[PDB]
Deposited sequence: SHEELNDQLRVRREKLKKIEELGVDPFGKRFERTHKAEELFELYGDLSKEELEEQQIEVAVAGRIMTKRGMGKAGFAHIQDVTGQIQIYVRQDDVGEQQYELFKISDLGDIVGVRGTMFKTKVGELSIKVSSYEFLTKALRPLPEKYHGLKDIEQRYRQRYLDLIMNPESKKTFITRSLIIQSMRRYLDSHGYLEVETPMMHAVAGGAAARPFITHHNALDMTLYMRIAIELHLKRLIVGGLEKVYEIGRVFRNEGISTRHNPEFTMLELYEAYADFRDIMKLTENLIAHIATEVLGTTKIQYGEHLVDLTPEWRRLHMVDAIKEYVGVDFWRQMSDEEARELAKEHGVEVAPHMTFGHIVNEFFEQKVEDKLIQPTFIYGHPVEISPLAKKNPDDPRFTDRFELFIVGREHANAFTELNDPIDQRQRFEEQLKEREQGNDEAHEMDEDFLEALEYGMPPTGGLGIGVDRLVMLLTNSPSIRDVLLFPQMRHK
């Protein structure tokens, strides 16, 4: 097992050093990637290749190897795929051949040679120069799901498919910045360490600054500092960055994740709905070529315009209870009991409406849907709806049964905002340890005047999951948080 093959690999390490070669290599110049070779010469016949003597230089990890006396084959793998190499002793010389023979699966090498096809028609490289680049002290794993996440590098090597999800992830984010940049939004960087962790309902990670002897909280949202920039007059700003929440992991939750937050002065949540469907459609179109995608067993149509549905109307359609009716908190609690909806001590009418939605409705929303009108009690930073103040002009985007975005007509009334924070502090006294805390610096900012604004927050990891048909967030994160 270990120390077994391990001792052998250490032994070969010394043998290589004794042959006057650096077992960990120097720089190496390549001319092609494996895939490029196939694209360019894959359809040429054995004869055509012999007549063109195309010389190339490539490098990669040895994945397979078969020795045959004075000559041998091996498949080396680079970031684009595998290419077979053929090494003959009489061609590369005794010294280089000795290096080929001592080479192990896992070792990394560089080669120069001419393109040719074997009798089975496999495009290969007839090696003229064999360069040893790096000795692998451990063998490639036996070719479990957890190892893929615990040791991502092994996943990337053994499951060539896996890298594609991450390449696509980069294209998704680049497409996102392209759209926002071209539409006038300024990409900014605001603090990730806050005096007060606000902007969302979540438990924060607490830390300490030694030199300044100060308690800091990793940000649970980007909202409050971006709003300060709107007060500052920047008008259109966005930030795609890490957010941290001290909470358990799930197929859709990781303690550190990437969120897009953006704010636009002079817009309201209806404008943000349009921006959201356009942005996501733009991304899907550029990256996948279409807005009609497959996710799990669902055919999801991301083609704008998406469905708009008030949360109360959603509960009426999917459950049957009509919360448009003015009722007491006690009446709402009774309904919750009758319909199997779990509620907490601090909850009143608004919280209960939301619980009805989350527990009995949201998982049925497969096609992109803008659920709007969130009760005021759970929307401390959103402006109340003018017609019915029990609700706010806020919406959440639901796709394949989960929330992908959250946005609102931002609350810019400082007096109302202070009141919302006071109500949140009261909720905390009643058991809601996720309630928003007071932020006087933020209220001060609002007092200098924040224009009417439309704000948006998108879970980038979740969007990447949707567009790559990944069932878990652990599949779109290179190094997801692992349990002890």
property	result
Unmodelled intervals of the deposited chain, in order	1 to 3, 147 to 151, 493
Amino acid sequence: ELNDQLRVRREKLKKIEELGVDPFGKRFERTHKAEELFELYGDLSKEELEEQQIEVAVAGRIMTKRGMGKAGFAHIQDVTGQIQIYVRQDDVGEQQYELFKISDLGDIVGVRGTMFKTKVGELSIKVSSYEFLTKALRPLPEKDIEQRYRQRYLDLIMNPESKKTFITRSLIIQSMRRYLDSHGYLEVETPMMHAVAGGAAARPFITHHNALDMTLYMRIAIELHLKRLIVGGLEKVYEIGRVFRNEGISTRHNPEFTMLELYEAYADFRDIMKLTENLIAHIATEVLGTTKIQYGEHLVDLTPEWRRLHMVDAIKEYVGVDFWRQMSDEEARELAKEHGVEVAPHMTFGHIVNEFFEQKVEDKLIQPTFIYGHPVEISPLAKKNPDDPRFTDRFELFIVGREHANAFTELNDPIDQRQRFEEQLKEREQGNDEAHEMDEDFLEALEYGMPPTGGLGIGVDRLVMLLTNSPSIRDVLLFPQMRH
From here on, numbers count along this sequence of modelled residues.
| item | value |
| --- | --- |
| 89 to 97 versus 291 to 299 - greater average Cα B-factor per the deposited record | 89 to 97 |
| 43 to 51 versus 448 to 456 - which carries the larger mean C-alpha B factor in the record | 43 to 51 |
| Out of 406, 379, 190, 147, highest CA B-factor residue | 147 |
| Residue, from 27, 428, 61, 418, that the PDB entry assigns the highest Cα B-factor | 428 |
| Residue 336, C-alpha B-factor rank within chain (lowest, middle or highest third) | highest |
| Third of chain Cα B-factors occupied by residue 369 | lowest |
| Modelled-residue ranking by C-alpha temperature factor, third containing residue 233 | lowest |
| Chain third (lowest, middle, highest) by recorded CA B-factor, residue given as residue 248 | middle |
| Position of residue 474 among the chain's modelled residues by C-alpha B-factor, lowest, middle or highest third | middle |
